[PDB]
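Student:
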Amino acid sequence: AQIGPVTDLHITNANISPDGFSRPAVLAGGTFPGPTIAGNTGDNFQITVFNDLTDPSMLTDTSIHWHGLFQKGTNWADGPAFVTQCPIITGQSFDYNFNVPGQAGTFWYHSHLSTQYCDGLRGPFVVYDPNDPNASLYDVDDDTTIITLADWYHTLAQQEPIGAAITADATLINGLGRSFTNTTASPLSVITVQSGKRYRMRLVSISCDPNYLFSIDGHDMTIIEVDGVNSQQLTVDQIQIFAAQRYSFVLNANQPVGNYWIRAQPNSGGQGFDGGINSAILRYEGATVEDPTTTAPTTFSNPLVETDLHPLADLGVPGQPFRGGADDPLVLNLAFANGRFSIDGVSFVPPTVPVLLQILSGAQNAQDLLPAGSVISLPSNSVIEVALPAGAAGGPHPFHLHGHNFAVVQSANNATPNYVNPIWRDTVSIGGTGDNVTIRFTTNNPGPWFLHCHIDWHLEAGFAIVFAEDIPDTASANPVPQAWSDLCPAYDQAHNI
Ligand SMILES: *[C@@H]1O[C@H](CO)[C@@H](O[C@@H]2O[C@H](CO)[C@@H](O)[C@H](O)[C@H]2NC(C)=O)[C@H](O)[C@H]1NC(C)=O
Ligand SMILES: *[C@@H]1O[C@H](CO)[C@@H](O[C@@H]2O[C@H](CO)[C@@H](O)[C@H](O)[C@H]2NC(C)=O)[C@H](O)[C@H]1NC(C)=O
Ligand SMILES: [Cu+2]
Ligand SMILES: [Cu+2]
Ligand SMILES: [Cu+2]
Ligand SMILES: [Cu+2]
Ligand SMILES: [F-]
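Just so you know, we're using the entry's author numbering here: the sequence shown kicks off at 1 and counts up by one.
This is the structure in structure tokens:
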């Protein structure tokens with residue numbers, strides 16, 4: 001029941017009750033989470049998105065981002081509203097037609113208009129590798145081995161009141177889970193394994209906000225992939241996974257046939273597992289159909305620490321092995337005050353004309369691009385370093401860069417940089433007060449690429465900038481289809497802009 005790489009995808013409103021509480025939602029493919037979109041490395045994806053939304057309480061416009069896919073030469077297909085496109089209006093469709101050269105791993109897709117993905121438009125996106133270097137480490141890798149972690153809210157995203165704290169009402173694992181308050185014994189998700197087999201579990205955070213402490217009672221987890229990047233095997237017994245991150249891990253079904261709790265503890269909302277909140281079930285074939293009776297340890301023996309991860313391939317780190325050892329070394333001032341986030345003193349407010357369209361129309365430096373102060377040019381064929389010092393309220397903030405992955409030269413909670421063999425990824429926690437999480441990449445992908453906190457409430461409140469990478473080559477690199485050119489006139493007509 002995976003779809004793609006060539007598929008329609010209808011976006012609709014419907015009622016759902018994933019924790020026993022009914023509310024309307026914004027859904028892809030009629031389900032929460034949406035169906036898995038899948039193909040093989042190098043494939044041409046043609047995802048024709050039909051906007052069938054009618055309920056304005058969750059916005060009737062939409063736009064979909066394919067998280068972690070580089071979109072080289074297809075910046076127009078990336079999805080962030082008012083960065084690479086105007087939204088698709090109701091009753092219309094749009095073909096996101098792109099290729100995935102050189103990428104294979106675990107990704108996801110989500111609305112990228114306002115806070116709409118929180119209302120339900122989120123699902124997995126898997127790019128398989130027929131020649132996966134990790135293939136011999138497991139036996140089973142299919143739709144039954146994808147594990148999604150989601151926050152779920154009873155209040156609609158657009159209806160979250162100004163000036164009140166936002167927390168979720170349930171953790172959903174594979175779309176099911178129990179509410180933190182007024183808990184009812186609604187069904188839990190079951191992940192089934194066969195004793196003796198090995199599984200590539202593809203763990204996807206589709207969170208709008210919380211990070212999760214993920215574990216499986218009785219089991220450990222051997223990480224083999226981080227945000228699309230193959231890793232050396234790293235065995236852990238708990239994974240702290242931030243919004244939008246992905247891991248693959250090998251699960252060896254090497255415990256007695258039985259039932260084991262799967263745990264996903266968010267950093268906000270309900271604490272613990274009373275009544276089966278924050279929980280799913282790992283069930284071995286042949287086990288009794290009953291809840292697990294296992295318990296977590298008080299202290300985990302081998303939690304994931306990001307500096308322990310290393311690429312499988314020899315990826316290195318571009319630039320020179322010291323702070324500022326890049327062609328374009330940046331340090332962003334990330335702040336929060338009075339309900340708004342800012343980067344270098346500017347709070348992001350989406351522009352009327354998408355940044356890509358401004359560039360195609362001839363705006364050719366970043367000072368000419370709107371929003372003023374929110375678009376930073378990057379030079380072509382250059383090593384970029386971005387330091388992201390933490391401290392802004394609401395952390396730890398998982399920062400994400402479109403169009404690229406990056407070397408994590410410095411991770412949370414550790415002052416020592418790594419210029420030799422750090423993991424590469426696309427979404428990174430910037431940590432806690434006094435940290436200096438730092439990323440590096442090379443600019444070989446012309447176009448405007450969003451950089452933002454992936455806590456969607458923080459993005460909405462301005463925690464973003466756009467990197468206009470290689471403005472001079474953006475138009476030649478990214479030819480646009482007529483349907484894309486038609487989006488802004490249709491949107492602006494519909495909205496009387
Ligand atoms: C994080 O690292 C960056 C460099 O990657 C530091 O930036 C330097 O900041 C000082 C002022 O604080 C400037 O004088 C330098 O020109 C900056 N660049 C360098 C040294 O390469 C930044 O201070 C660090 N931030 C924290 C909070 O540790
Ligand atoms: C803090 O981060 C540093 C840098 O990533 C880690 O240092 C590396 O540690 C490994 C394992 O002992 C060594 O092989 C490397 O040579 C170290 N690199 C550097 C640049 O020092 C360090 O382990 C991390 N600290 C903790 C507590 O995990
Ligand atoms: Cu994303
Ligand atoms: Cu993205
Ligand atoms: Cu944030
Ligand atoms: Cu984004
Ligand atoms: F991305």
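A virtual CB, placed ideally from N, CA and C, is assigned to each residue, including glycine.
#1: Assuming the contact rule is C-beta atoms closer than 8 Å, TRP152 and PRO18 should be a hit. Round their C-beta distance to whole Å, please.
#2: Where do the N-terminal and C-terminal ends of the beta strand (DSSP E) with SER377 fall, by residue?
#3: Could you check if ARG323 belongs to the surroundings of ligand 1, using beta carbon to heavy atom distance under 6 Å?
#4: Could you check the C-alpha separation between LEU251 and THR36 for me, to the nearest Å?
#5: Under 7 Å, do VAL375 and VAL466 count as touching if we go by C-beta distance?
#6: What are the boundary residues of the beta strand (DSSP E) that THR474 is part of?
#7: Tell me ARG178's beta-bridge partners as DSSP assigns them.
#8: Determine the closest residue to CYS453 out of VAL428, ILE47, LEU176, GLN194, with distance taken between C-alpha atoms.
#9: Could you please go through the chain and list the residues whose beta-carbon is closer than 7 Å to any non-hydrogen atom of ligand 3?
#10: Determine the DSSP secondary structure at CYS118, reduced to helix, strand or coil.
#11: Throw me the rounded Cβ distance for the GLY462 and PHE341 pair, which I believe falls under 8 Å.
#12: Which same chain residues end up closer than 7 Å to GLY391 when comparing Cβ atoms and leaving out the 5 residues on each side of it in sequence?
#13: Say the cut is 6 Å; is the CB of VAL305 nearer than that to a heavy atom of ligand 2?
#14: From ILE11 to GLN116, what does the alpha carbon distance come to, in whole angstroms?
#15: Could you tell me whether any non-hydrogen atom of ligand 2 is closer than 6 Å to the CB of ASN414?
#16: In angstroms, rounded to a whole number, what distance separates the CA positions of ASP237 and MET221?
#17: Looking at C-alpha atoms only, which residue of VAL83, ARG200, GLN46 is the closest neighbour of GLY403?
#18: Taking the straight line between their C-alpha atoms, what separation do you get for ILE241 and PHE406?
#19: Candidates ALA387, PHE322, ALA170, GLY123: which alpha carbon is nearest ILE277's?
#20: For the beta strand (DSSP E) holding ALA170, just list the boundary residues, first then last.
#21: Helix or strand or just coil, what does DSSP make of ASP19?
#22: Among residues of its own chain, excluding the 5 on either side of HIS65, which ones have a beta-carbon nearer than 8 Å to its beta-carbon?
#23: Please confirm if the segment 413-432 is in contact with the segment 354-372, defined as three or more CB-CB distances below 8 Å between the two stretches.
#24: So the beta strand (DSSP E) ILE166 belongs to, where does it begin and stop?
#25: Is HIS402 near ligand 4 - that is, is its Cβ less than 6 Å away from at least one heavy atom of it?
#26: Considering just the uninterrupted stretch of the beta strand (DSSP E) at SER485, what are its terminal residues?
#27: Run the CB neighbour count on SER476, radius 10 Å, all protein chains shown included, and call it buried at 16 or more, exposed below.
#28: Residue range of the beta strand (DSSP E) that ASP95 falls in?
#29: Compute the beta-carbon to beta-carbon distance between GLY177 and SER301, rounded to the nearest angstrom, for a pair I have assumed lies under 8 Å.
#30: How would you call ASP217, buried or exposed, if buried means at least 16 neighbouring beta carbons within 10 angstroms?
#31: Is it the case that the Cβ atoms of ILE224 and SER248 are separated by a distance below 7 Å?
#32: Would you kindly work out how many angstroms separate the C-alpha atoms of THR307 and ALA387, rounded to a whole number?
Tutor: In short, the structure shows the following:
#1: Stepping through the sequence shown from its first residue, residue 152 is reached at position 152. Stepping through the sequence shown from its first residue, residue 18 is reached at position 18. Contact between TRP152 and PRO18 holds: their C-beta atoms lie close to 6 Å from each other, under 8 Å.
#2: For the purposes of this step, residue 377 is taken as the residue at position 377 of the sequence shown. For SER377, the enclosing beta strand (DSSP E) starts and ends at 375-378.
#3: Here residue 323 is taken as the residue at index 323 of the sequence shown, counted from 1. Yes - ligand 1 has a heavy atom lying nearer than 6 Å to the Cβ of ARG323.
#4: The residue labelled residue 251 in the question sits at position 251 within the sequence shown. The residue labelled residue 36 in the question sits at position 36 within the sequence shown. So the alpha carbons of these two residues sit roughly 21 Å apart.
#5: Here residue 375 is taken as the residue at index 375 of the sequence shown, counted from 1. Here residue 466 is taken as the residue at index 466 of the sequence shown, counted from 1. The answer is yes: Cβ separation under 7 Å.
#6: Here residue 474 is taken as the residue at index 474 of the sequence shown, counted from 1. First-last for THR474: 471-477, but that is the alpha helix (DSSP H), not the beta strand (DSSP E).
#7: Here residue 178 refers to the residue found at position 178 of the sequence shown. The partner list for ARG178 (beta bridge, DSSP) is empty, contrary to what the question assumes.
#8: Along the sequence shown, read from residue 1 onward, the residue named residue 453 stands at position 453. The shortest C-alpha separation from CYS453 is found at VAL428.
#9: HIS65, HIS67, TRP108, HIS110, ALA244, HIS400, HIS454
#10: For the purposes of this step, residue 118 is identified with residue 118 of the sequence shown, where counting begins at 1. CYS118: helix per DSSP, three-state reduction.
#11: Taking the sequence shown and counting its residues from 1, the one referred to as residue 462 is at position 462. Taking the sequence shown and counting its residues from 1, the one referred to as residue 341 is at position 341. Confirmed, Cβ separation roughly 4 Å.
#12: Against the sequence shown, residue 391 aligns to sequence position 391. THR433, listed in sequence order.
#13: Against the sequence shown, residue 305 aligns to sequence position 305. Because some heavy atom of ligand 2 lies under 6 Å away, the Cβ of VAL305 counts as near it: yes.
#14: Numbered from 1 along the sequence shown, position 11 holds the residue referred to as residue 11. Numbered from 1 along the sequence shown, position 116 holds the residue referred to as residue 116. Each residue's Cα considered, the two are about 12 Å apart.
#15: Working through the sequence shown from its first residue, we reach residue 414 at position 414. Proximity of the beta carbon of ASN414 to ligand 2 is indicated: a heavy atom of the ligand is located closer than 6 Å.
#16: As a first step, residue 237 must be located in the sequence shown, where it is residue number 237. As a first step, residue 221 must be located in the sequence shown, where it is residue number 221. The straight-line gap from Cα to Cα measures roughly 6 Å.
#17: Within the sequence shown, numbered from 1, the residue matching residue 403 stands at position 403. When each option's Cα is compared against that of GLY403, the closest is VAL83.
#18: Position 241 of the sequence shown holds residue 241. Position 406 of the sequence shown holds residue 406. Approximately 17 Å, taken between the alpha carbons.
#19: Translated into the one-based positions of the sequence shown, residue 277 becomes position 277. Per the Cα distances, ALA170.
#20: Position 170 of the sequence shown, counting from 1, holds the residue named residue 170. Residues 170-173.
#21: Within the sequence shown, the letter at position 19 stands for residue 19. Coil.
#22: Here the question's residue 65 lines up with position 65 in the sequence shown. Correct list, in chain order: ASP78, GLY79, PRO80, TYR109, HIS110, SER111, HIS112, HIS402.
#23: No, they do not touch.
#24: For the purposes of this step, residue 166 is taken as the residue at position 166 of the sequence shown. Element bounds for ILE166: n/a, residue is neither H nor E.
#25: As a position in the sequence shown, residue 402 is number 402, starting the count at 1. Result yes, Cβ under 6 Å from ligand 4.
#26: Locating residue 485 in the sequence shown gives position 485, where the first residue counts as 1. Boundaries for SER485: no beta strand (DSSP E) harbours it, while the alpha helix (DSSP H) harbouring it runs 482-494, taken from the DSSP string.
#27: For the purposes of this step, residue 476 is identified with residue 476 of the sequence shown, where counting begins at 1. That one is exposed.
#28: Start at 1 with the first residue of the sequence shown, and residue 95 comes out as number 95. From DSSP, the beta strand (DSSP E) with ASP95 extends over 93-99.
#29: In the sequence shown, the residue the question calls residue 177 occupies position 177. In the sequence shown, the residue the question calls residue 301 occupies position 301. At roughly 26 Å, the Cβ-Cβ gap does not stay under 8 Å, so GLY177 and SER301 are not in contact.
#30: For the purposes of this step, residue 217 is identified with residue 217 of the sequence shown, where counting begins at 1. The Cβ neighbour count for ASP217, taken over all protein chains shown within 10 Å, is at least 16; the residue is labelled buried.
#31: In the sequence shown, residue 224 corresponds to position 224, counting from 1. In the sequence shown, residue 248 corresponds to position 248, counting from 1. Taking 7 Å as the Cβ cut-off, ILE224 and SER248 qualify as a contacting pair.
#32: Reading the sequence shown from its first residue, position 307 is the one you call residue 307. Reading the sequence shown from its first residue, position 387 is the one you call residue 387. Taking the straight line joining both Cα atoms gives about 17 Å.
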